[PDB]
Amino acid sequence: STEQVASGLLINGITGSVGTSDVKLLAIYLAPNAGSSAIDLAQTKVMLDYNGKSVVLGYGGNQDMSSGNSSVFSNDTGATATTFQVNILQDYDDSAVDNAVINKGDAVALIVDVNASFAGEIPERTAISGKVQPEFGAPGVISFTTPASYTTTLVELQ
Amino acid sequence: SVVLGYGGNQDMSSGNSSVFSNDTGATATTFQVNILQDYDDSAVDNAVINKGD
Amino acid sequence: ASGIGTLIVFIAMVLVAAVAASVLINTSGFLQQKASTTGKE
Amino acid sequence: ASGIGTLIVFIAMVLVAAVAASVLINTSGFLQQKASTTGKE
Amino acid sequence: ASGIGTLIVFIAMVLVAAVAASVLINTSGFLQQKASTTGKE
Amino acid sequence: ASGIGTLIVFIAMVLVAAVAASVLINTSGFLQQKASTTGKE
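Method of structure determination, per the deposited record: cryo-EM was used for this entry, reaching 4.0 Å resolution.

This is how it looks when you write it as structure tokens:
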């Protein structure tokens, strides 16, 4: 019972990609709270809520070890449409390179495709919630109420 | 969206000049570190910044 | 015979502690995400 | 038996304190970098 | 004949008392060393 | 026979009370001596 009150999961920034007519890829940064024992990314599920659609996701069998490289939106983004994808940004004692275990101090990004999972688009002036429930910790809450104008090919959302 | 990391080259230029003219040829996926002030030489090796560097 | 002093108090206070903590953790996300939008709007 | 007074209050208030502080630290950078450009533009 | 009232209750309650005490002593070190690191981290 | 109700609960709760108090006393000096330097620096 101490492990349930101790652990957690902290969202610290959400970006999105655009470039045809509307947003179709989301990138979520992520980091564990500084009391968590061992967050295991093989069993964490993301819910999203939009347009009368409540969508539950699961882990997808593709990842990358991009610690040193660049161009986050240009490597291995073709195994989507029912799952999310995991990228590693920082790992000292290489405990997350295999079998998805985050210790105290990593940085892991998530990539979700929207066009092939909602069957459509995500226009402006909307409001979407959602949760990133771990196995036993406390969830981080999502809110990315969209801006009223799209200008560049890479827009910030949170 | 470009993510960088630490690069294996640095310098101890505390006293010299011409920042854009020394050891700028180990780039293209990383950044490079120069030291401008360190009293108790705690950042000369292994990159530890104390209070006041 | 009377050495069941843990079953009376320990498990019950652990569960009540978890409940009273889970109130305070879950009551903060609503107000932080309501207060964060207000300044930058 | 009833000496679990730290698990009720201490860890929960430390986490709520960190959350309520991280709101106030992260809400200031947007307004300082919006107010700094306004004068010199 | 019936003066064996100590063998029924005394030794058994001493052992159950030692067990129920050794639970409460040994269950506190984990939570104190988990709560001490949390504040100063 | 069953009048050993003090050995079960009393000594164990006194020791657990001392431990749970010694956590709270010793966890405050670090944060007070970290917070006192911060303002006057």
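**Q** Describe in detail the overall build of chain B, supporting the description with residues and values.
**A** Across its full length, chain B carries zero helices and two strands. Here chain B holds 53 residues, and the buried ones make up 11% of them. Sequence separation of 24 or more characterises 31% of the internal contacts of chain B that already satisfy a separation of 6 or more. Carbon and sulfur atoms make up 53% of the accessible area of chain B, which amounts to about 4,400 Å² in all.

**Q** Outline the arrangement of the chains, listing residues and values.
**A** Contacts are most numerous between chains E and F, taken over all 11 pairs of chains that touch. In this view chain B stays clear of chain D, with the nearest C-alpha atoms of the two still 20 Å from each other. The two units chain B and chain E never meet; even their closest C-alpha atoms stay 18 Å apart.

**Q** If you had to explain the sheet that holds strand β4 (residues 47-50) of chain A to someone new, which residues and values would you point to?
**A** Residues and elements named next belong to chain A. If you trace the four strands from one edge of the open sheet to the other, you get β5-β4-β10-β11, paired in antiparallel fashion. With one partner strand each, in any of the chains shown, β5 (53-56) and β11 (141-143) form the two edges of the open sheet. Ignoring strand direction, the axes of neighbouring strands in this sheet form an average angle of 15°.

**Q** How would you sum up the layout of surface pockets? Please name residues and give values.
**A** The space that makes up the second largest pocket amounts to roughly 300 Å³. Along the walls of the second largest pocket sit 15 residues, with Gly 39 and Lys 40 of chain E together with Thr 27, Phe 30 and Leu 31 of chain F positioned nearest its centre. Of all the secondary structure elements, the ones that give two or more residues to the lining of the second largest pocket are α1 (5-26) of chain D, α2 (28-40) of chain E together with α1 (5-26) and α2 (28-40) of chain F. No other element matches α2 of chain E, which puts five residues into the lining of the second largest pocket. Grouping the amino acids of the lining of the second largest pocket by side-chain chemistry returns five nonpolar, seven polar and three charged.

**Q** Could you give an account of the UniProt feature "transmembrane region" (unreviewed entry) in chain C, with specific residues and numbers?
**A** With numbering matched to this structure, UniProt assigns "transmembrane region" (unreviewed entry) to residues 4-25 of chain C. Taken end to end, residues 4-25 of chain C is 95% helix and 0% strand, and its two terminal C-alpha atoms sit 32 Å from one another.

**Q** Outline the environment of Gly 52 of chain A, listing residues and values.
**A** Mapped onto the elements, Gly 52 of chain A comes out in the loop between β4 and β5. In sequence terms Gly 52 of chain A and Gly 137 of chain A are 85 residues apart; their C-alpha atoms lie 28 Å from each other.

**Q** I'd love a proper account of the packing of helix α1 (residues 5-26) of chain E against α1 of chain F, names of residues and values included.
**A** Between α1 of chain E and α1 of chain F, whose axes approach to 9 Å, the crossing angle comes to 20°. When the axes of α1 of chain E and α1 of chain F are compared, the pair comes out roughly parallel. As α1 of chain E runs across α1 of chain F, the sense of the crossing is right-handed. Here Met 13, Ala 17, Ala 20, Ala 21, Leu 24 and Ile 25 of chain E of α1 of chain E lie close against α1 of chain F, whose contacting residues are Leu 7, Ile 8, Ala 12 and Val 16 of chain F. When grouped by side-chain class, the residues that make up the contact of α1 of chain E with α1 of chain F number 10 nonpolar, no polar and no charged.

**Q** I'd like to hear about the packing of aromatic side chains, residue by residue, with values.
**A** All names here are of chain A. The final tally for this structure, using the stated rule, is three aromatic pairs over all chains. Ring geometry for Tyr 50 against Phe 118: centres 6.4 Å apart, planes inclined by 25°, an arrangement best described as stacked. Here the residue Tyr 50 occupies a position in strand β4, and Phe 118 occupies one in helix α2 (residues 115-118), the gap between them amounting to 68 residues. In this pair, the class of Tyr 50 matches that of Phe 118, namely buried. Ring plane angle 75° and centroid distance 6.0 Å describe the contact between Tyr 59 and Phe 84, whose orientation is recorded as edge-to-face. With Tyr 59 in strand β6 (residues 58-64) and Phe 84 in strand β7 (residues 83-90), this pair connects stretches of sequence that are 25 residues apart. Using a relative accessible area of 34% as the deciding quantity, one classes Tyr 59 as partly exposed.

**Q** Explain the interface of chain F and chain E to me, using residue names and the numbers behind them.
**A** Buried accessible area, meaning the area lost when the parts come together, often serves as the stated size of an interface. Facing 10 residues of chain F, the contacting portion of chain E comprises 13 residues. Buried area between chain F and chain E, summed over both chains or domains, comes out near 1,100 Å², and the portion from carbon and sulfur atoms is 82%. If you sort the residues of chain F by the area they bury against chain E, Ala 1, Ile 4 and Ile 8 of chain F come out on top, with a joint share of 35%. At the boundary of chain F with chain E, the tally comes to zero salt bridges. The dominant element in the side of chain F that touches chain E, judged by the number of residues it contributes, is α1 of chain F, at six residues. In the side of chain F that touches chain E, the residues fall into nine nonpolar, one polar and no charged.

**Q** Describe the interface of chain F and chain D, with residues and values.
**A** Between chain F and chain D, the contact holds five residues from the first and four residues from the second. Here chain F packs against chain D, burying approximately 410 Å² in sum over the two surfaces, 75% of which is carbon and sulfur. Among the residues of chain F in contact with chain D, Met 13, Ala 20 and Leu 24 of chain F are the three that bury the most area, contributing 63% of the side total. Here chain F and chain D share zero salt bridges between them. Joining chain F to chain D, the criterion identifies zero residue pairs in polar contact. Partitioning the side of chain F that touches chain D into residue classes produces four nonpolar, one polar and no charged.

Calculation rules
- Residues numbered from 1 in each chain as written, not as in the entry; some residues may be left out.
- Chains lettered and ligands numbered in written order.
- Part of a larger assembly, values for the part shown.
- Heavy atoms only, no water.
- Helix = DSSP H or I, 4+ residues; strand = E, 2+ residues; numbered from the N terminus.
- Buried < 20%, exposed > 50% of the residue type's maximum accessible area, 1.4 Å probe, protein only.
- Contact = heavy atoms within 4.5 Å.
- Areas by Shrake-Rupley, 256 points an atom, 1.4 Å probe, with all protein chains shown as cover.
- Pairing = 2+ DSSP bridges.
- Axes fitted to C-alpha atoms, helices over the stretch in contact; angles between N-to-C directions.
- 1 Å grid on protein atoms, 1.4 Å probe; cavity = no way out; pocket = protein on both sides within 12 Å on 5 of 7 lines; lining within 4 Å.
- Points joined across faces, edges and corners; volume = space filled by probe spheres on them.
- Nonpolar A, V, L, I, M, F, W, Y, C, P; charged D, E, K, R; others polar.
- UniProt positions renumbered as here; feature names shortened; annotations may be inferred.
- Parallel < 35°, antiparallel > 145°, perpendicular 65-115°, else oblique.
- Left-handed = near helix turned anticlockwise from the far one by under 90°.
- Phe/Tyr/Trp six-rings, centres within 6.5 Å; stacked < 30°, edge-to-face > 60°.
- Buried area = accessible area lost by both parts, 1.4 Å probe.
- Salt bridge = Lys/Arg side-chain N within 4 Å of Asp/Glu carboxyl O.
- Polar contact = N/O pair within 3.5 Å; in protein donor to acceptor, adjacent residues only side chain to side chain.

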